[PDB]
Amino acid sequence: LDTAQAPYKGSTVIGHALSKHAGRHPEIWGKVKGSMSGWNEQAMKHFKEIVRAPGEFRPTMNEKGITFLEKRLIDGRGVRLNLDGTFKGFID
């Protein structure tokens, strides 16, 4: 949670991630509203939901040879972690 909730440019790494994802896909994430201060909590809610939902994380390598742990839900939301378990980003 320290990587995800690290203060960064008015919000947190995870708050900014939700902001961009809800901005392009509000149907998947729901619209983000209110102060930048609130983004982190709304993003942590999604994070915890994705973690508790059925399905599994899977090690997944991309075309550039970088590997991540990824859990993608049937509802379109997903989380990508670095191999050390730190938060990388949301995925859809």
# chains A, B, ... in the order shown; residues from 1 in each chain; ligands from 1

$ residues_around --residues "residue 43 in chain A" --least-positions-apart "6" --cutoff "12 Å" --atoms "only C-alpha atoms" --output "JSON, numbers by chain"
{"A": [1, 4, 5, 11, 12, 13, 14, 15, 16, 17, 18, 19, 20, 21, 22, 29, 30, 31, 32, 33, 36, 37, 49, 50, 77, 78, 79, 87, 89, 90]}

$ closest_residue --among "A:38, A:7, A:46, A:57" --to "residue 71 in chain A" --atoms "only C-alpha atoms"
A:57

$ select_by_dssp --residues "chain A" --states "strand (DSSP E)" --output "PyMOL selection string"
chain A and resi 7-8+11-12+58-61+67-72+78-82+87-91

$ atom_distance --atom1 "CA of residue 74 in chain A" --atom2 "CA of residue 23 in chain A"
19.9 Å

$ residues_around --residues "range 65-67 of chain A" --least-positions-apart "3" --cutoff "9 Å" --atoms "only C-alpha atoms" --output "compact mmCIF listing (two decimals) with N, CA and C atoms, in the first residue's frame"
# COMPACT_ATOMS: atom_id res chain seq x y z
N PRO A 59 1.00 -13.99 -13.53
CA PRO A 59 2.22 -13.35 -14.05
C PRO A 59 2.01 -13.24 -15.56
N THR A 60 2.21 -12.06 -16.12
CA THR A 60 1.95 -11.78 -17.52
C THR A 60 3.06 -10.94 -18.11
N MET A 61 3.69 -11.43 -19.19
CA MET A 61 4.79 -10.71 -19.85
C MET A 61 4.29 -10.04 -21.09
N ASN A 62 4.76 -8.82 -21.33
CA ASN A 62 4.34 -8.10 -22.53
C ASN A 62 5.38 -8.24 -23.64
N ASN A 82 3.83 -4.79 -9.90
CA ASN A 82 5.17 -5.18 -10.27
C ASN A 82 5.43 -6.54 -9.64
N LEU A 83 6.46 -7.23 -10.11
CA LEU A 83 6.79 -8.55 -9.57
C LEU A 83 7.09 -8.57 -8.07

$ atom_distance --atom1 "CA of residue 56 in chain A" --atom2 "CA of residue 70 in chain A"
8.0 Å

$ atom_distance --atom1 "CA of residue 27 in chain A" --atom2 "CA of residue 88 in chain A"
21.8 Å
